[PDB]
Amino acid sequence: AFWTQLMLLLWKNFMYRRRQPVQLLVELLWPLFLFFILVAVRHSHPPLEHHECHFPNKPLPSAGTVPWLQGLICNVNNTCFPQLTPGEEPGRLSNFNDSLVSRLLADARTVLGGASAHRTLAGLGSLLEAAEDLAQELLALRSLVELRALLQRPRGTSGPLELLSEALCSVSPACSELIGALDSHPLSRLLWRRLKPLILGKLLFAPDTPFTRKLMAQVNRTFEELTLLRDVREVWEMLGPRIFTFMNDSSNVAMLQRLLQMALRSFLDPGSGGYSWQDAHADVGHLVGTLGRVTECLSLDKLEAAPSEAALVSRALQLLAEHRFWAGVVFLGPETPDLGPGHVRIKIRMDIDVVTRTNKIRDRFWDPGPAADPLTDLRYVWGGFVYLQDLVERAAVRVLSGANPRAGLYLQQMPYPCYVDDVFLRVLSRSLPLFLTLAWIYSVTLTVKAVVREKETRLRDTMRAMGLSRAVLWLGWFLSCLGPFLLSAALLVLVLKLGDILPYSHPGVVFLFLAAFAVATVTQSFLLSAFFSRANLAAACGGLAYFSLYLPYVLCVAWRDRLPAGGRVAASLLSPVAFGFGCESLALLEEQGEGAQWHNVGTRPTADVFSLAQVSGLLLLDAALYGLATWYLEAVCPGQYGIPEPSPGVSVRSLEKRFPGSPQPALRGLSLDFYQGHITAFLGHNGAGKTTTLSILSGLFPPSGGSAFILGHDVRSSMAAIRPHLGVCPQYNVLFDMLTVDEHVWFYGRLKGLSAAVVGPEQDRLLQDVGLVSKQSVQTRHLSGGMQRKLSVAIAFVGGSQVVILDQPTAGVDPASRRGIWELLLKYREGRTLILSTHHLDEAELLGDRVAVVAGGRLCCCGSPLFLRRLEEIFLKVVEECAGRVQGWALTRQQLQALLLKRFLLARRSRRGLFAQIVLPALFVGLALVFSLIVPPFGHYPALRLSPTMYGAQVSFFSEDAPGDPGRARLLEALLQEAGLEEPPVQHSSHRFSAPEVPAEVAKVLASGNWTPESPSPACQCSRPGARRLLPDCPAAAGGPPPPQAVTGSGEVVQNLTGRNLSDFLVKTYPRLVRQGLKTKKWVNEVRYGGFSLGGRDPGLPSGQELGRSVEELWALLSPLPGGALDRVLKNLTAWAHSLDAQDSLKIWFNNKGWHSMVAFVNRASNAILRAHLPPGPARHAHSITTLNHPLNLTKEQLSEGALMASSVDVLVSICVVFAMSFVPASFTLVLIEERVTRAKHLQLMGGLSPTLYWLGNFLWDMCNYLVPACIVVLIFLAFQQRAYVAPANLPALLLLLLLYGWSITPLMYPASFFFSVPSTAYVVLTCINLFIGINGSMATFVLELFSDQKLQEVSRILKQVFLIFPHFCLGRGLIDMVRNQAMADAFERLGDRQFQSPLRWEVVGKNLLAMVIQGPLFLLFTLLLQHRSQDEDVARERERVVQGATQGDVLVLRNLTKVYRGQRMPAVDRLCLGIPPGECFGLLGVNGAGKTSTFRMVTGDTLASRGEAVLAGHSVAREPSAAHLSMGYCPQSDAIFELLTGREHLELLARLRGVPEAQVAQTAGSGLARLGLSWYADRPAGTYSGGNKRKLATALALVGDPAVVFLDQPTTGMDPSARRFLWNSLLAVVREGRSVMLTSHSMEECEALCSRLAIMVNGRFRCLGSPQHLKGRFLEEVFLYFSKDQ
Ligand SMILES: *[C@@H]1O[C@H](CO)[C@@H](O[C@@H]2O[C@H](CO)[C@@H](O[C@@H]3O[C@H](CO)[C@@H](O)[C@H](O)[C@@H]3O)[C@H](O)[C@H]2NC(C)=O)[C@H](O)[C@H]1NC(C)=O
Ligand SMILES: Nc1ncnc2c1ncn2[C@@H]1O[C@H](COP(=O)(O)OP(=O)(O)OP(=O)(O)O)[C@@H](O)[C@H]1O
Ligand SMILES: Nc1ncnc2c1ncn2[C@@H]1O[C@H](COP(=O)(O)OP(=O)(O)OP(=O)(O)O)[C@@H](O)[C@H]1O
Ligand SMILES: *[C@@H]1O[C@H](CO)[C@@H](O[C@@H]2O[C@H](CO)[C@@H](O)[C@H](O)[C@H]2NC(C)=O)[C@H](O)[C@H]1NC(C)=O
Ligand SMILES: *[C@@H]1O[C@H](CO)[C@@H](O)[C@H](O)[C@H]1NC(C)=O
Ligand SMILES: *[C@@H]1O[C@H](CO)[C@@H](O)[C@H](O)[C@H]1NC(C)=O
Ligand SMILES: *[C@@H]1O[C@H](CO)[C@@H](O)[C@H](O)[C@H]1NC(C)=O
Ligand SMILES: *[C@@H]1O[C@H](CO)[C@@H](O)[C@H](O)[C@H]1NC(C)=O
Ligand SMILES: *[C@@H]1O[C@H](CO)[C@@H](O)[C@H](O)[C@H]1NC(C)=O
Ligand SMILES: *[C@@H]1O[C@H](CO)[C@@H](O)[C@H](O)[C@H]1NC(C)=O
Ligand SMILES: [Mg+2]
Ligand SMILES: [Mg+2]
């Protein structure tokens, strides 16, 4: 019956799914909200493609001084123009052109060279004519006019820097004052804030050898020449007064000058003196003063000294504090490459904030783009490393060679092709694993809760007792839970693929991966649900254990290096870790732009060696391991309801049971024997232990000793041969809520073993025999006690049961159905060994062929009924043989002191629950910090020698221009010999370069085209706009009409590239290397890293040398002063004029894709220059220069200025703490719901408690239980020294945040306690809702506010203020803003600006606090508002009297009461009128379906009415519920007690709440306990009583305190004759006192014989309403039946 049982289980699960569809829909739609938000954001963030653009030139200080400053000031940004920059042209050399300074210099050159001979002749002494001719062209130029216009600009704008940039580029206390004026504009302050160390620096060298002194003297030349401004200012200062005196009072000389004159504008220039003697003088004076201040800005004393390297490091550490460090050069002594001098080793040390990190030679991932960010990529330019290296290297070359080389190095970045990027893919790749792991948290918790709840209510054990096998049940659970997971995974795959989040991947492999993940999760949940045995405890520790298995993934991704593959494999056993590895592999495959379309299953040999074909096998292995572990754990440890762990049909011998809680054993020893087919009956007093014995016979409990045999087998050990031979009937019915009676019987009959053919007749026969045939399409949750009991006994009798045990077959059942019970028992008595147990003696004597009585755990006597006769009286004899008011505000003080005490007691018995509910979430945060704070230590950045030999094979350049010079040829051959290509011998003088062969098709295409090097040779390539398929441009074979002349060397290849355009070659060829390199797509072996270009064209006019002649022809005359100031300025003018001719350029093309690229090529260029200028000889290797790079020992890390917060450990810890604090405000509803459901809260509300006091007491207790997690969180943060969160500056913010979150979350979970029926489901649902609304709101807004800034910043600002109603959001954003502000403050402190903000601000945390405080108590007000939502002939004569007459004596008056069960056609209760006077024990009988309990619930106040009224002592229950509730007592059919408290606590609590004085509380409780026979069991917890004791306790809580009217419901459902005698005596006493009773039952005596006014009720209508003797006279069980048949 394996397949039949499987079909039955699947059908039942399908029926449950179909009955309630909303839960199915919400489960299927839960894990997609965050992905929906992500897709919505992505839809509005189109991919961006960048146009082609070329980068500009960058001169080095070796090329001069003016161009160096020009390139430093103008080219701050890497503004790349799409049009070709003039610098890239081989002929051109000066990118900056037609500017003010360049035009001024050129025009000055021209004017000075034009008439040098004329001024020489003038100085020889006509000359006036030559001077006039020169002055004629001194006005033709407009450069002087524009210079005057610029220097006359009114002062303002941003400062001198703006005018300096305008002049250079193309469209001392005073110095400090200028800086302070300039810093007001951050745009103008960019230059200062990037160039602070250049003005203030110190150059330090460790050795003090005179060789190093010569090196520094050679370095010092540029600083020496920079100070000519002081000398020229002094010269003008000396000339000032002299010319000022000469001009004044010299009219005679001037007039004789005009007399000797005898063009015209020159003659009129001295006229009136307005335009000659002051304007030009003032302008030149202002200019010289300005340059004097400029030269006084500099310190001019940059160099310093140091004894050794230790003193160097100490002085560096001292000087680093006050912004004075710019150097560190060390002339280390290798003595080493080889013997002999010239093997100098320069080792530059500089701060880590300025030099690129040397950890990585290249980048990490192939990101398409030139990577030319002028703020975080080109650090070597704005830092000054390259300038210092060039200066030191040129000085070393000058010292070693002894010559005067002239070769100005330049820098040029090659262009980059068109491309398109997807930033969103990289952004989401980091946070995908967290999203995916957090998506499936609903289903795991619900699965664990469902499993533990099914195993808790004995439903699983009862279902298994009839023949179910554990394997079948487990497989059914597996399939049923696995279904929705697979459907949801398929839907998620579909939505991911359709949304273009993962466009490349084929959905099949992704779906298989997700299905494997889902299977692993299912089996993990089934394993996790095997430790616990209580619904509350299992629900509490259900999400923490799942989410605590994901942190090791973070630990193992932080420790990526130094990790053996064995460790990764051993840490991949946990499912979330393996899924994280798989998700990372898939994300990196997607980012590579190659997809996973069924052929990428053995790829990725990198650090992420795992691909999406090895993780799935691991996941399946983990699922198998978890399943085996679950099976073993279930087999070895059953749980609370411990199943056994591997013709006298029934026999028990020496059977005893011992519960740990009870000091005395329940059972001592039994020897009872069972027989063939004689109905046996158990008789005994309450607490004898018949139900415990019956459970011991079944598999519910294990015996504490002895053994029990059934059908010759043994329930001990081998009980597997018992299942098809047993039938069970628990005292408390266990049934499926949704399934109806017909489905119940069909399911149990099929499971029992009946064939599919014999079902209908048997089921119908049993259903008719029992008496339930009138109802067949109603679910069991709409049935009263009697119908449920009849259904339970019917289910017990379904199928062929060899031995069946009946326990309380009838209870609350009228005799009419008891007759059907009798006939059912008689019809099956032939061999089925019927066993019975009831308190009714008539049934025992009528059926019992042998009666056995047990008392006090011992078999008193067993035998035939005739044996004992020689029945109620003798059984009772045997059992006997064996056995003012405090009123006012003071009362308000008392009530609370009771109520809170109750809570405290409920907290003392169950400490494990509190430990797991209000402590464990705090320790989860500590575990998160422990696992997220362990990082690998770092030491020092290693030193490396900078040369391109560390890259590998590559491609160089050879471009040359103007070959008609020997020096350029020598330098070029030096470059070739340095590259590695040795000089070929005489036989290969011209056999050096091997030109490859052009393809035939390309050759034909070029023949159809033009073979012109100075025209665009390559064909145009198509740009690809988005389209997600082709990122780079479309390649072609037309790039370069000749193939490059590749010549191999010792590992490198050098080409020719002479005469070609040289700009299109790289652009057209790069996409070929882009597409060719696909194996790794992270560290692709690019072949083009850099090259040279020897442009020998000199940007000097041929007349420039003439300038020097002019200067020297001014030196001989004018009496050169011996002081030397004039002499020295004239000789630095002559030197500048001579150097204006220059020698050549050595332009360097560098690729920024390789980090350490420009420095190595500068090194090689300088080494080649040295080898060129060296005299010929075999000492080529004897003299070599190497540049190192080693940052200081100062312990810091690379400051990522551009990279802001990017979903890091900070937000991880914030998510962890939010998760931990979301669980705590859910344990507060368990007790509330448990009280409301069992109708125990309403008892207290009857006691005299106003709802307001109840709610305030609960609120205070819940508040007192919230401060325990917060203290532990604060202590953990303090212990771990988390500066970001806890510190003497931000501690008040955290304290207020936690305290007010506690203040405002608690009164929000109260309204949810009205609409739930089982506590654990409410617990898990509220926990999941809190988790979702917190995380997926706050962290989603955080993701929105970062990364993309396309007005999504404005969208996030809009959404931020809206999410203030939820008190969960006020903890997420608050704990992220603090971290962000702390990070910004730390960055400012590291920078040195020393700016500190404030934690508590309006726009930081203040608004959240204010809003959450103001919304705090509104939820409590809503809670109270929702709580106060409710705003014959005798019968006819009685109705007429009630309608018209007004009996003031009567206490309770009913007026036409009726109410319908939400459309059940015939109203159960309708049109009732009655009047009761004081001091009459009213009674009311009926049948199972009359509606007695409905009448009690309608009149007592538990349910709201429909029509009519129920007035109780003046105040109506509906009009004023409080006044009616003031004085009455209740006892419902379903007993209302607390499982953990005891009886004495119950009585004392009710006594205190009613208002009795404190002194008499104990006396009243003792009297109440002793009155009803409850004393020997008045200290044990109320949860361990049996049915009779619980009934007695429930009755006792209805009479304590002497109320007015007692609304006793059926009180004798299971009480014993002694107990019922006690109850009758108590009722007689209370009615003698003068208080009425409204007992209703099916029994006799006080209900019937001692009653006062019976009233039979059938189908919601009264029948007689007459006295008992009156009923007997006019018309006792048979009399009642006759009267029922009378009408
Ligand atoms: C080396 O090859 C480059 C190709 O990149 C040549 O530059 C190209 O020069 C032509 C000159 O006509 C440019 O055409 C112009 O395009 C603009 C675009 O708006 C148009 O408005 C003009 O009317 C003109 O047609 C072309 O854009 C430009 N290519 C670029 C910038 O990528 C360069 O001249 C070659 N070197 C030589 C021939 O020495
Ligand atoms: N779970 C339990 N833990 C500890 N003691 C228990 C437990 N259940 C019952 N007992 C105790 O064991 C004894 C046997 O009483 P038991 O509950 O078995 O009676 P019963 O057969 O159900 O009787 P009744 O006919 O009155 O319903 C009592 O003292 C009872 O308090
Ligand atoms: N939840 C429900 N939904 C629909 N009908 C119900 C529901 N509960 C009870 N009924 C029906 O409404 C009527 C009211 O009966 P009620 O529940 O008051 O039982 P009772 O006969 O007074 O109790 P007892 O079973 O203890 O003798 C009955 O016909 C019953 O079958
Ligand atoms: C690289 O190619 C150029 C192509 O011009 C070579 O320069 C030519 O060299 C030959 C022989 O030396 C001369 O006859 C030509 O006159 C040169 N060209 C021009 C325009 O003058 C150059 O020699 C090649 N590189 C090397 C190292 O040989
Ligand atoms: C460089 O970029 C900054 C920042 O966008 C901008 O303000 C400035 O105008 C740009 N150009 C120059 C020459 O600084
Ligand atoms: C740019 O420089 C060249 C160099 O000779 C010069 O001829 C030209 O006038 C300058 N200005 C331009 C091209 O606008
Ligand atoms: C000479 O200087 C005096 C002031 O020092 C001035 O008043 C006078 O005008 C000057 N003379 C000439 C001719 O500039
Ligand atoms: C370097 O030049 C500066 C000029 O101010 C000065 O310290 C000195 O002349 C030189 N120092 C040397 C040669 O050590
Ligand atoms: C330039 O002038 C400075 C002093 O102003 C002098 O030290 C230096 O030697 C001069 N230049 C040359 C090449 O002599
Ligand atoms: C940095 O200084 C520490 C001082 O304890 C020393 O142990 C370490 O070796 C130094 N590192 C380097 C690279 O000099
Ligand atoms: Mg019992
Ligand atoms: Mg009832």
# chains A, B, ... in the order shown; residues from 1 in each chain; ligands from 1
$ residues_around --residues "residue A:465" --least-positions-apart "4" --cutoff "12 Å" --atoms "only C-alpha atoms" --output "PyMOL selection string"
chain A and resi 458-461+469-470+643+695+697-700+715+719-730+748+751-752+796+804
$ residues_near_ligand --ligand "ligand 4" --cutoff "10 Å" --atoms "only C-alpha atoms and all ligand atoms" --output "PDB file with C-alpha atoms, in the first residue's frame"
ATOM      1  CA  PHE A 958      60.125  52.602 -34.022  1.00  0.00           C
ATOM      2  CA  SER A 959      58.661  55.803 -35.518  1.00  0.00           C
ATOM      3  CA  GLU A 960      61.343  58.229 -36.688  1.00  0.00           C
ATOM      4  CA  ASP A 961      61.481  61.633 -38.369  1.00  0.00           C
ATOM      5  CA  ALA A 962      64.180  63.793 -39.986  1.00  0.00           C
ATOM      6  CA  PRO A 963      66.850  61.069 -40.331  1.00  0.00           C
ATOM      7  CA  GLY A 964      69.486  63.414 -41.769  1.00  0.00           C
ATOM      8  CA  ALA A 969      70.796  57.718 -35.628  1.00  0.00           C
ATOM      9  CA  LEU A 972      68.034  55.235 -32.233  1.00  0.00           C
ATOM     10  CA  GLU A 973      70.590  52.438 -32.552  1.00  0.00           C
ATOM     11  CA  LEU A 976      67.531  49.158 -30.530  1.00  0.00           C
ATOM     12  CA  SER A 989      73.522  44.196 -42.927  1.00  0.00           C
ATOM     13  CA  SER A 990      70.164  44.711 -44.662  1.00  0.00           C
ATOM     14  CA  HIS A 991      68.598  41.407 -43.524  1.00  0.00           C
ATOM     15  CA  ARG A 992      67.090  42.806 -40.334  1.00  0.00           C
ATOM     16  CA  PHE A 993      63.378  43.527 -40.869  1.00  0.00           C
ATOM     17  CA  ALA A 995      58.012  42.447 -43.940  1.00  0.00           C
ATOM     18  CA  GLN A1045      57.495  44.429 -39.948  1.00  0.00           C
ATOM     19  CA  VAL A1054      60.033  45.580 -32.568  1.00  0.00           C
ATOM     20  CA  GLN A1055      58.274  46.963 -35.650  1.00  0.00           C
ATOM     21  CA  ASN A1056      58.946  49.873 -38.042  1.00  0.00           C
ATOM     22  CA  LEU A1057      55.826  52.106 -38.299  1.00  0.00           C
ATOM     23  CA  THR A1058      57.736  54.805 -40.197  1.00  0.00           C
ATOM     24  CA  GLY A1059      55.821  57.265 -42.358  1.00  0.00           C
ATOM     25  CA  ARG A1060      52.402  55.849 -41.481  1.00  0.00           C
TER      26      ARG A1060
END
$ closest_residue --among "A:1176, A:1334, A:799, A:966" --to "residue A:749" --atoms "only C-alpha atoms"
A:799
$ residues_near_ligand --ligand "ligand 2" --cutoff "6 Å" --atoms "only C-alpha atoms and all ligand atoms" --output "number ranges by chain"
A: 659, 661-662, 666, 686-692, 1584-1588
$ write_last_selection --atoms "N, CA and C atoms" --output "compact mmCIF listing (two decimals), in the first residue's frame"
# COMPACT_ATOMS: atom_id res chain seq x y z
N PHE A 659 6.83 10.30 35.73
CA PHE A 659 7.11 11.57 35.08
C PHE A 659 8.10 12.37 35.92
N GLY A 661 8.49 15.56 36.45
CA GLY A 661 7.94 16.66 37.22
C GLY A 661 7.27 16.21 38.50
N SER A 662 6.47 15.15 38.43
CA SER A 662 5.70 14.70 39.59
C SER A 662 6.62 13.98 40.57
N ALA A 666 2.88 8.08 38.72
CA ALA A 666 1.47 7.99 38.35
C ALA A 666 0.95 6.57 38.51
N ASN A 686 -10.97 9.92 39.76
CA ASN A 686 -10.17 10.83 38.95
C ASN A 686 -8.70 10.75 39.36
N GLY A 687 -7.82 10.73 38.37
CA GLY A 687 -6.40 10.60 38.62
C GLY A 687 -5.91 9.18 38.82
N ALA A 688 -6.78 8.18 38.64
CA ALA A 688 -6.34 6.79 38.78
C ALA A 688 -5.29 6.44 37.74
N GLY A 689 -5.45 6.94 36.51
CA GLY A 689 -4.46 6.73 35.48
C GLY A 689 -4.88 5.75 34.40
N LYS A 690 -6.16 5.78 34.01
CA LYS A 690 -6.61 4.91 32.93
C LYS A 690 -6.15 5.42 31.57
N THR A 691 -6.21 6.73 31.35
CA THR A 691 -5.78 7.28 30.07
C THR A 691 -4.28 7.11 29.87
N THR A 692 -3.50 7.25 30.94
CA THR A 692 -2.07 7.00 30.84
C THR A 692 -1.79 5.56 30.44
N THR A 1584 -0.84 19.72 34.36
CA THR A 1584 -0.65 18.29 34.57
C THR A 1584 -1.89 17.60 35.13
N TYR A 1585 -2.98 18.33 35.35
CA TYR A 1585 -4.20 17.71 35.82
C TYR A 1585 -4.83 16.86 34.72
N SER A 1586 -5.77 16.01 35.11
CA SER A 1586 -6.55 15.24 34.16
C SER A 1586 -7.83 16.01 33.83
N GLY A 1587 -8.76 15.36 33.12
CA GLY A 1587 -9.98 16.04 32.72
C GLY A 1587 -10.87 16.40 33.90
N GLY A 1588 -11.05 15.46 34.83
CA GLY A 1588 -11.92 15.73 35.97
C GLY A 1588 -11.38 16.83 36.87
$ residues_around --residues "residue A:1324" --least-positions-apart "3" --cutoff "12 Å" --atoms "only C-alpha atoms" --output "count of residues only"
37
